[PDB]
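Written below as structure tokens is the structure these notes are about.
Excluded from the calculations below are hydrogen atoms, water molecules and symmetry mates; all remaining heavy atoms, backbone and side chain alike, are included. By convention here, the first residue in the shown sequence is residue 1.
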Amino acid sequence: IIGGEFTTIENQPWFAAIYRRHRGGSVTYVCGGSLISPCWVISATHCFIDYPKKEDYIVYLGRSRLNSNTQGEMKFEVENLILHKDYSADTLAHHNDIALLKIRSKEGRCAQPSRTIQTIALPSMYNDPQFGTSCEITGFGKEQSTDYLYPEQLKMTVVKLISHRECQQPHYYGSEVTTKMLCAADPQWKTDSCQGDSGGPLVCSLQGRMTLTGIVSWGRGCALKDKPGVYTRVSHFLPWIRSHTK
Ligand SMILES: N=C(N)Nc1ccc(C(=O)O)cc1
């Protein structure tokens with residue numbers, strides 16, 4: 001997250017921290033995700049597509065720090081890693097950039113909700129906020145495009161939903177943006193998602209409910225003029241979500 005503010009997991013208690021085991025045993029952060037039910041985290045296929053072996057990955061819930069334990073955190077193995085069969089990546093764009101991780105602990109339990117661990121609601125079908133709505137993004141991604149390190153402390157910011165018409169303008173992203181994606185940016189381009197925020201939630205208020213509207217997917221640089229963040233439009237994937245979590 002470029003700009004915005006530091007936060008703790010109690011403010012975004014559906015945030016999932018996804019890590020990968022290396023041969024040798026070093027463990028590095030991969031991507032964010034969102035807990036949509038006690039046994040299911042939703043994320044981005046592009047996070048896993050190079051290393052699609054579920055045994056390689058660890059999921060934490062109730063975690064506020066990247067490389068240290070948060071009191072109350074729960075650690076899960078991935079029982080299933082479901083990537084979207086129609087995934088494709090262009091030089092920029094990721095199409096159908098959505099993934100489902102079925103989580104289960106060493107004792108074969110799912111998440112127990114708490115102050116630091118809660119599910120986020122899915123939107124109703126094709127039901128997105130109006131363009132110019134303010135939504136929240138959460139992640140451990142870079143604080144600056146030129147940073148080598150990720151922040152140790154979770155961050156969140158606010159960006160405004162951009163209309164498809166605006167986002168498909170040539171000097172923005174042209175046809176690289178589709179109706180299955182949402183664009184969001186700061187009017188001053190001063191805050192954005194960045195590398196390492198992939199898979200993380202875009203949350204908006206819909207009929208008085210915090211709702212998972214989007215999943216961090218792609219973008220040209222971060223917090224660049226005319227280069228919005230691009231998000232998987234979750235309200236266009238409910239059949240795929242429903243089918244693979246039955
Ligand atoms: N918000 C942007 N302008 N860019 C941007 C978005 C996502 C990612 C990612 O790694 O998923 C990287 C860069």
Side-chain angles (χ1 to χ4, degrees), residues 7-21 25 27-49 51-85 97-125 136-140 154 156 196-203 206 209-216 232 234-235 237-246:
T7 184
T8 59
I9 193 62
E10 300 87 347
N11 284 323
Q12 197 90 176
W14 48 80
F15 185 83
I18 311 177
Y19 302 68
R20 182 156 70 82
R21 298 171 169 106
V27 170
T28 63
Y29 188 71
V30 165
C31 272
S34 309
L35 186 70
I36 59 158
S37 65
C39 304
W40 292 96
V41 167
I42 199 150
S43 190
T45 281
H46 89 255
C47 293
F48 311 99
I49 192 54
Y51 286 101
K53 182 170 173 191
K54 67 216 250 244
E55 295 79 9
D56 293 351
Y57 296 97
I58 303 132
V59 183
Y60 292 88
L61 299 175
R63 193 152 168 128
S64 291
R65 286 190 70 83
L66 222 218
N67 290 300
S68 75
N69 301 278
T70 300
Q71 183 161 71
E73 72 181 15
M74 298 192 284
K75 174 188 192 174
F76 298 92
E77 284 157 319
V78 181
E79 185 182 334
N80 305 140
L81 177 53
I82 305 173
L83 311 187
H84 198 298
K85 56 176 141 44
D97 196 9
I98 195 175
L100 280 162
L101 292 75
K102 177 166 202 178
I103 51 163
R104 129 166 121 194
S105 70
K106 283 215 167 192
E107 299 76 38
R109 264 173 281 267
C110 294
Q112 302 175 230
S114 73
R115 182 144 54 84
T116 64
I117 298 174
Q118 294 285 315
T119 63
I120 185 56
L122 292 176
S124 47
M125 121 188 92
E136 288 170 356
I137 55 175
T138 306
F140 284 120
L154 191 63
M156 68 186 178
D197 290 321
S198 291
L202 180 84
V203 174
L206 230 41
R209 191 179 266 259
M210 293 296 262
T211 313
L212 185 72
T213 292
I215 299 172
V216 184
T232 301
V234 172
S235 77
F237 287 89
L238 299 186
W240 181 91
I241 294 163
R242 212 171 296 107
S243 76
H244 293 91
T245 59
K246 227 281 153 276

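- Using modelled atom types, one side-chain atom of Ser64 and one backbone atom of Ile9 make a donor-acceptor pair closer than 3.5 Å.
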- request: Dump the intermediate steps for side-chain contact (heavy atoms from CB on, under 4.5 Å) on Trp240 and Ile82, then the final yes or no.
  value: CA-CA 10 Å; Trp240 181 91; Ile82 305 173; 3.9 Å; yes
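- Listed for the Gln12 side chain is no donor-acceptor partner under 3.5 Å among the backbone atoms of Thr8.
- For the pair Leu100 and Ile36, the minimum side-chain heavy-atom distance is below 4.5 Å.
- Across all non-hydrogen atoms, the minimal contact from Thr45 to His84 is OG1-N, 3.2 Å.
- By the 4.5 Å heavy-atom criterion applied to side chains, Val234 and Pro123 are counted as neighbours.
- Taking a 6.0 Å sphere around NZ of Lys54, one finds it holds more than 12 heavy atoms contributed by other residues, nucleotides or ligands.
- Side-chain contact between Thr70 and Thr116 is absent, with no heavy-atom pair separated by less than 4.5 Å.
- No side-chain donor-acceptor contact under 3.5 Å links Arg65 to the backbone of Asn67.
- Under the rule for a ring pair (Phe, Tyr, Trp, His ring centres under 6.0 Å), the partners of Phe140 that lie at least two apart in sequence or sit in another chain are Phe15, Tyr29.
- The CE atom of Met156 lies 11.5 Å from the CD1 atom of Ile137; values are rounded to the nearest 0.5 Å.
- Judged by distance alone, with hydrogens and angles left aside, the side-chain atoms of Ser43 form a donor-acceptor pair with the main-chain N or O of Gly32 at under 3.5 Å.
- Counting heavy atoms from C-beta on, the side chains of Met74 and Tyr60 never come closer than 4.5 Å.
- Listed here is the closest heavy atom pair of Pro13 and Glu10: CD-O, 3.6 Å.
- The distance from the CZ atom of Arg63 to the NZ atom of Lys75 is 8.5 Å, given to the nearest 0.5 Å.
- No side-chain heavy atom of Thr138 sits less than 4.5 Å from a side-chain heavy atom of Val203.
- Looking at every heavy atom in both residues, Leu212 comes nearest to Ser34 through CD1-OG, 3.5 Å.
- In this structure, CZ in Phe76 is found 13.0 Å from NZ in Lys102, a value given to the nearest 0.5 Å.
- Here the side chains of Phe237 and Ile215 are not in contact, with every heavy-atom distance at 4.5 Å or above.
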message: Applying side-chain contact (heavy atoms from CB on, under 4.5 Å) to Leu101 and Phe48, what does each step give before you reach the verdict?
response: CA-CA 10 Å; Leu101 292 75; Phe48 311 99; 3.7 Å; yes
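- For the atom pair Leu122 CG and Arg242 CZ, the distance stands at 8.5 Å (nearest 0.5 Å).
- Side-chain atoms of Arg21 come within 3.5 Å of backbone atoms of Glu55 as a donor-acceptor pair (strictly under, hydrogens ignored).
- Side-chain contact between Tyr57 and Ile103 is absent, with no heavy-atom pair separated by less than 4.5 Å.
- Among all heavy-atom pairs drawn from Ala99 and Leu83, the shortest one is CB-CD2, 3.9 Å.
- Heavy-atom neighbours of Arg104 CZ from other residues, nucleotides or ligands within 6.0 Å: at or below the threshold of 12.
- Pairing each heavy atom of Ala16 with each of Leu61, the nearest pair is CB-CD2, 3.8 Å.
- Side-chain atoms of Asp97 come within 3.5 Å of backbone N or O of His46 as a donor-acceptor pair.
- A donor-acceptor contact shorter than 3.5 Å is absent between the side chain of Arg209 and the backbone of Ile120.
- In this structure, the side chains of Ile18 and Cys47 stay at 4.5 Å or more apart for every pair of heavy atoms.
- In plain terms, the two heavy atoms of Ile117 and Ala111 that are nearest each other are CG2-CB, 4.0 Å.
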